[PDB]
Amino acid sequence: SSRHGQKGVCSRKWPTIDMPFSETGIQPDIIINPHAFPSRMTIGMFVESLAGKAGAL
Amino acid sequence: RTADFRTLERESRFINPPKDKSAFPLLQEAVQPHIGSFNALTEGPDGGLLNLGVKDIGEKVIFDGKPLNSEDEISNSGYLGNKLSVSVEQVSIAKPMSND
Amino acid sequence: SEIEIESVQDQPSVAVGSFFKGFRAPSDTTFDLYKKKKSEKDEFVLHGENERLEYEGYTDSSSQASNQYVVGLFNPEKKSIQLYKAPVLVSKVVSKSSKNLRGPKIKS
Amino acid sequence: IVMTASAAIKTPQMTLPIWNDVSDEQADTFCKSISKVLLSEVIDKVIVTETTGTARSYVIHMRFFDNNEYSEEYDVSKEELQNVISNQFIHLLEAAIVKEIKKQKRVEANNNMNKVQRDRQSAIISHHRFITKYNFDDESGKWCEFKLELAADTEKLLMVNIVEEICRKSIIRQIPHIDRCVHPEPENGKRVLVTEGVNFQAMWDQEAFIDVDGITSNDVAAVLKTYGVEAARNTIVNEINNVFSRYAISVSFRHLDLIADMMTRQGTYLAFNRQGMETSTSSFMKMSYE
Amino acid sequence: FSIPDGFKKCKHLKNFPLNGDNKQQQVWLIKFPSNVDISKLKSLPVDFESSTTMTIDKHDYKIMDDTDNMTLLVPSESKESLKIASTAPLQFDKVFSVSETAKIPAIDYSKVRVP
Amino acid sequence: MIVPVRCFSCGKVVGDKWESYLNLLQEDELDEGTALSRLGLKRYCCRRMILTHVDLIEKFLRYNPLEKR
Amino acid sequence: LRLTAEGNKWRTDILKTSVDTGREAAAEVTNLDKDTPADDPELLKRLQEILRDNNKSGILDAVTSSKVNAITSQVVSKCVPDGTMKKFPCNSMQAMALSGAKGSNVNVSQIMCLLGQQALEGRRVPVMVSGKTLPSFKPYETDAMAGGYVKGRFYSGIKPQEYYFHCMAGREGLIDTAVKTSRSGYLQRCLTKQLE
Amino acid sequence: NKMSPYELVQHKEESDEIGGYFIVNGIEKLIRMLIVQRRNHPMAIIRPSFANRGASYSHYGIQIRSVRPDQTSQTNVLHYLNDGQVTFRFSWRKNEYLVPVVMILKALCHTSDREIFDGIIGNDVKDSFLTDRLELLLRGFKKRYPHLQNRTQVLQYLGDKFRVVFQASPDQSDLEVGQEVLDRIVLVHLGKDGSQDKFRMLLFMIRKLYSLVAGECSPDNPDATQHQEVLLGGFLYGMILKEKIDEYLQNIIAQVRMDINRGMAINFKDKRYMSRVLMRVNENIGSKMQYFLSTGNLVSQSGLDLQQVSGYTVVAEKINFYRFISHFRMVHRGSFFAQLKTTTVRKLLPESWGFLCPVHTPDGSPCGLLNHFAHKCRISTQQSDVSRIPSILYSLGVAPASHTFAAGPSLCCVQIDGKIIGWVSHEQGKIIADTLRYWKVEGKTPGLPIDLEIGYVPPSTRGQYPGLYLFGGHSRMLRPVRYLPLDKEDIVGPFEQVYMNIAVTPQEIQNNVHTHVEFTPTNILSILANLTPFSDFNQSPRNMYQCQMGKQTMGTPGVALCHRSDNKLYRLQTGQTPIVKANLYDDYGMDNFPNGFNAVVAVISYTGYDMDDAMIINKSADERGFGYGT
Amino acid sequence: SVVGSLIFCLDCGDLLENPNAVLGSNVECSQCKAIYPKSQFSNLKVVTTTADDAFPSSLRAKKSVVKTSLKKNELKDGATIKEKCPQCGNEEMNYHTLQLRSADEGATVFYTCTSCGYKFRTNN
Amino acid sequence: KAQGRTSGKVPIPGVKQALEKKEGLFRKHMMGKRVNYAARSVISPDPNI
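Protein chains in written order, with the authors' numbering: chain C, 918 to 974; chain E, 12 to 111; chain X, 8 to 115; chain Y, 1225 to 1278, 1287 to 1338, 1433 to 1616; chain D, 23 to 44, 49 to 94, 106 to 125, 130 to 156; chain R, 1 to 69; chain A, 833 to 1028; chain F, 173 to 802; chain V, 2 to 125; chain H, 442 to 490.
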């Protein structure tokens, strides 16, 4: 779960070989579906996402 | 905004627990309705709530069924015997010790 | 719009009574104005009687140490009052003919 | 509907289709001739001046509304207020003054009446217990008046809180088992009148106003009682469909026809319960139910 | 009777010069806190109405008039020295009341509401 | 507990940079930004492993049941 | 989740036209007219009568919730399909709601424009004895916001007064689930055995 | 007790050991807090369950919950019957006793029939509603009880009928028993030998009853957070301890009488007969108190004031630290209400602003009932000095109540802690309530404590019954705000808050309306509802569901875990502090107890194994120890 | 001293009996003795008007100052939200959401038209 | 049917109360049963089956 009520079950452990990579070379730890967000309306998770990235940089 | 994480203050506090008043004082205030309320049983004005409470339920009295065989009067009928007035005027909680 | 004050008497000149509304007290009988003494403190006790109405009075344990009431005496052609520290006596009226009481128990 | 098959529905209604010649103006006049009127609903104030001496007297004075207010809102003439206050109301008030006495032993003024007003009062003094005086506004209907006298043996009575309770009980004009009639908005062109309470025997005499061949209740035990068992079956499938269509849920009519044909299988209105199960053959279905 | 000690009886009182007139002596009743001393003052400057404010020893007051049951009592003659002042019950004539006030400050709306 | 051996997301060995990072902040008096960039951490997946670590083993080692008092 | 600089200016103008709306519906139900001021001592007498009666209060709530919901749907009709920054063949929040993938356009409009009236038990926000709906507001405050109208949105955040009213509507949807865990268990059981 | 975090470590505790709980047979239990009625304040309540009691009972009635100084409660209810009769209801030993008022009014002091008249009719002589109800109360006594002419003869009657259940001894006369019935039951917050004050309050409660049946007063809501307080965990533990020693003194007495119903040997001056009884008397009180803390069941031969006998205690849980610290801020309405069919007690209300959290309430069946306290909400444990306040109100415009006789809603009854002290006008009451607040926060007054709440209720048309109620007792919810002149801190309770204007931010202060401002708008949330990042961007059920899901994470219970033997613990291995965090995360010391772990999260639909709930963890991140626990 | 229908005593304040309800020309006080056998005191008139919630009616509701009834069709509740109608031709459609789930799912919108009035619901 | 001790919590429910309840015998062991050759488990999504 995150701190916004976006809980969910681990449906599959997915290997790094076929998990999407970036320009930087970062496979994400957690993929969350975008179809969670339109009805739950946790936009605190959309601003925690870009504020943790700025803070880790 | 600038809301730092205290990474040199944490490690200096995990290694050395303070020898004075605790850091994080708002965590003591979150149980003040519990710790302070048990404290009022044996502290505060009138000696605490327990000693102030044992004098609201004061006396418990009985008499005899036995007579004195006094002067054969209405005072003989007006005599029940002798009377307990068993009461409790102090209650004290002791800090926990061990007996052996 | 200004008024001067001639006298203020420490000694008990006047009293004031808080009896019930519509209280009359026919004019034949007088009262008794006592005073409590514990070496510094001042609490008035009232008492009076006739053939039916025995009726005492006493002050209040809160207001007399704090709220003092004063009785004044004015006339607009004088532009003057004089004052007296007059206590306010809370009073009740008992009757002599209603002081009966039954036995102390069921007696049976 | 499905469970308990009650004859006491909480909110039974009746839907009354109106004709073509009767307009919405004349339908609103018609709803005022069915909806019940309490005598409470035409009173502005009640002044009760209690006096003692002589016999404790009780002067009950009733401020009504304006005559062109309660004979517009309620369609009650001031010749109908007289026939309720004199005939019905005082017997109810004197029933409760006596019934309290059992528990008890355990502005402007007007006068100068004529012969019509005098001998009406004379009929009321002879027909009630403790009355002795009476008047009524036969000019404008704005006030009533009557002056009860009781014995001096009786103590203090809250006369207003008896008048407040009897005025809220005295009906002026109630068609029975019907409280209220309303003119709602016409959906699908259906000009209807909705009636809080079921009495088909009353609405049949309103045939100049109401299409009597198309009136329909929701109380199935009443439609069974008056229009047979096939009309009660129709009332079931339209009152289950109104439950589901209100929440925009669609079920097929094949499922609703099969439930109304199971409830009305004995010519009655059987619930789905223990008591409607008694008319059945298999004993293990009964043992395994409850 | 027989009330306990402390309760001393008072055989003699001072004099209150009222005659039950008829000009007439307006009998008053006024109310004071224990903050103020009446003997250490000499004047009660009061208006015709309640719009009053006196200042004794840097404690601001306001002298309310609440004239519109408390019974007066005068000394009988000398012996028991208390009788009800009455002509035939009786009432007072102008009843004032002094109450302590305090100037609350207005809110400083240029320093407490920061943008 | 102790600093993880490897970063979770990339896989750089990060376990050798916790006692280095604490001496960069204590003695060099750097900020956390430059002290992570001096240690060769430059992916934000790999920054937060040293940046955001609690190191609670120092609080667990205070409870030694083998040593007196 | 973002509007463009012109479409953000649109809703700033339309929500500026709601500062009078709470008084206009207040001045209607009291049967005053011609825009009496808000602190008028004769309006405050009439609003206090409305509060002490349960029927008259729902009439105030039904006139005002029909006027601020006019202002709500004027913003959404101006800003949601047209006043955005990224549009539908790249905007995922609009594409997920137009396709019926997840959510509706009510959800998209609360993220992007405004939440709106927070309606409670089929009425408006409940109000104290003192006329107040929160200790922040004035007693008998004729305002849309004082009655529980949120001109904030989930993209920019909601104010602490209107964060508190939105928590009220969030809980009445959860106490109904507290009383809805099995309503129709014995109805279906008793149907399935007669018709078995 | 007073022991350093260094020395808590040297004695096998956590360094910030929290306290506040009991250890009972290894299980680590605490006492739930309860929401109960506010003490010493009469509540004009309509209730449909008053006509349950039978004939002529109306739906009206005043109710006061009066507590003694030992925090023991005694509820009196003052009914109104439709016949004009007004009764008095109380309880004693689980039994419920209905009595007339003018037998209790006339046993308190020497009462005339104007003193009972003028107490209720100060003015409003010409209010014909109200002077007619009064002679169904003055004739209805003198007709029904025609042999009670003074105080020491109505005490004979009231001590005669109440002798058995009060369990008196045969030496006590009829008026000694009837004085016990007035000392032990009616209005016990005014003490014993406080009958002059018990008489003025019953007059106040009769007219407030009559002002409620006239429609002049709105019925006070018992479920609305201003007319209610918090029964603390330690005060409940002392109410039952007083009852357990009361059973002890009666079990001695029952054991002596079993020796005189046989006649073995009795000398009550003897030292060795006293010891012979107490060998057989169960004097182990302390295991009966442990039985309360073991099961929560309230066993009481008397019967306390409360309305249930089960579930007073809970297990303090260490599934993480957020679950543990939220037991101590949790308050409960009652277990009487979760059984109900009506869900209006569960409603979030504006009177809880700053005192209960709007977010932090459990999803499901206890929703609305098991809500948590706010951030800076404190509770009065001791009571402050109320001795100097009456001497100050007399210095202000108050007329003393002993010689005023001026009841009504047209005047402002000034009270402290349920003691009626005087009467003012409504114009003068607002000035007295404003200067008492100005004298309070500026600490130059010797006798005004800052936790004194000043509850002025201004007059209205058909609103709450007006007054100037002041409170200083125990168990009161309190919170801080900023008082706008002098900028200091003021302490405000929920009875005050309904009539006070308290701005949220300093940018919303408006001229001549706001007198207070919040310190921070975050003081109204919980602890755990205030750690949710950017919570004003989420939807409200998602902030409420986080408070459920945040308690149930596996994180760090503690660090002293090798000296504990709990039934089960959940411990996540490598926690991290958050990058994105609130400032209160550091003030509550949450770095000691890491709840989770930062993660690179890609909001993407890529695999097809994730819809609405389901998520995709990285395999290699897991193998490198991501979210591992034991 | 007479207060309405109540007359109290004059020196002890006790309540005198009802002078018409005593036996033949004899009253007295019972705390003290205040003998008045010939019943000096006059008619004791108490006028009592009922309180105006004792008779609720629609005509009294029209005697109010504030609006106590909305009209028949003069409150349409915001009839202009764009929604693609299922049945015939409408662009605009009223909506209403209600929450049903236990804080682990969102809400779902109802739909009632403004041109045909077709009650309707959409999953997403 | 039987009063007996009348202290509460009556033991030995008898051969009627073994048949009449929601559980009884006739709804917990006849109209519903427990089965062999069955399993239950948590379910998880898959688009490839």
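All C-beta atoms, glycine included, are put in the ideal place defined by N, C-alpha and C.
Have a look at residue i and residue j and give me their C-alpha separation to the nearest angstrom.
i	j	result
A571(F)	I593(F)	9 Å
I1501(Y)	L1262(Y)	12 Å
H921(C)	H952(C)	15 Å
residue 121(F)	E84(E)	Absent from the structure is residue 121(F), since the part of chain F shown begins at 173 and ends at 802.
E953(A)	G963(A)	19 Å
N767(F)	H547(F)	20 Å
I1451(Y)	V1549(Y)	47 Å
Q944(C)	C10(R)	7 Å
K116(D)	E54(E)	57 Å
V752(F)	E40(E)	25 Å
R1446(Y)	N1560(Y)	54 Å
Once the 5 residues before and after residue i are set aside, which same chain residues still bring their CB inside 6 Å of it?
i	result
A858(A)	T974
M726(F)	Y742, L744 and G801
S472(F)	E415
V1508(Y)	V1520
residue 1279(Y)	Residue 1279(Y) falls within a stretch that is absent from the model, since chain Y runs 1278 to 1287 with no residues between.
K1269(Y)	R1295
Considering only residues of the same chain and omitting the five flanking positions on each side of residue i, which have a CB-CB separation below 7 Å?
i	result
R47(R)	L36 and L41
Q51(D)	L40
Is residue i close to chain G? Criterion is C-beta to C-beta, closer than 8 Å.
i	result
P452(H)	Going by chain labels, chain G is absent from the structure shown, which instead holds the protein chains C, E, X, Y, D, R, A, F, V and H.
* Fully enclosed by the region 26 to 63 of chain V, which alpha helix (DSSP H) runs are 4 residues long or longer? -> 59 to 62
* Asked: Listed in chain order, which residues of the region 278 to 300 of chain F have Cβ atoms closer than 8 Å to some Cβ of chain Y?
  -> none
* Using a Cβ-Cβ cut-off of less than 8 Å, list which residues of the region 771 to 787 of chain F approach chain C; keep chain order. => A771, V772, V773, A774, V775, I776, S777, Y778, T779, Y781, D782, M783, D784, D785, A786 and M787
* Asked: Three or more C-beta pairs closer than 8 Å, one from the region 516 to 533 of chain F and one from the region 579 to 595 of chain F: is that the case here?
  -> no
* the region 77 to 104 of chain V: positions lying closer than 8 Å to chain A by Cβ -> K77, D78, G79, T81, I82, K83, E84, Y96, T98, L99, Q100, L101, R102, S103 and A104
* Asked: Residues in the region 52 to 66 of chain X with C-beta within 7 Å of chain V's C-beta atoms, listed in sequence order?
  -> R59 and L60
* Asked: Which parts of the region 483 to 541 of chain F are runs of the alpha helix (DSSP H), unbroken and 4 residues or longer, counting only runs that do not cross its ends?
  -> 493 to 497
* Asked: Is there contact here, the region 24 to 31 of chain V with the region 295 to 309 of chain F, by at least three beta-carbon pairs under 8 Å?
  -> no
* **Near-chain R residues of the region 787 to 802 of chain F (beta-carbon distance less than 8 Å), N- to C-terminal order** => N790, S792, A793, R796, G797 and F798
* Could you name the residues of the region 55 to 66 of chain R whose beta carbon sits closer than 8 Å to any beta carbon of chain E, in the order they occur along the chain? => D55, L56, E58, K59 and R62
* Asked: Hey, is the region 531 to 547 of chain F in contact with the region 697 to 717 of chain F, meaning 3+ C-beta pairs nearer than 8 Å?
  -> yes
* Interface positions of the region 672 to 705 of chain F facing chain E (Cβ-Cβ less than 8 Å), listed along the chain -> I699
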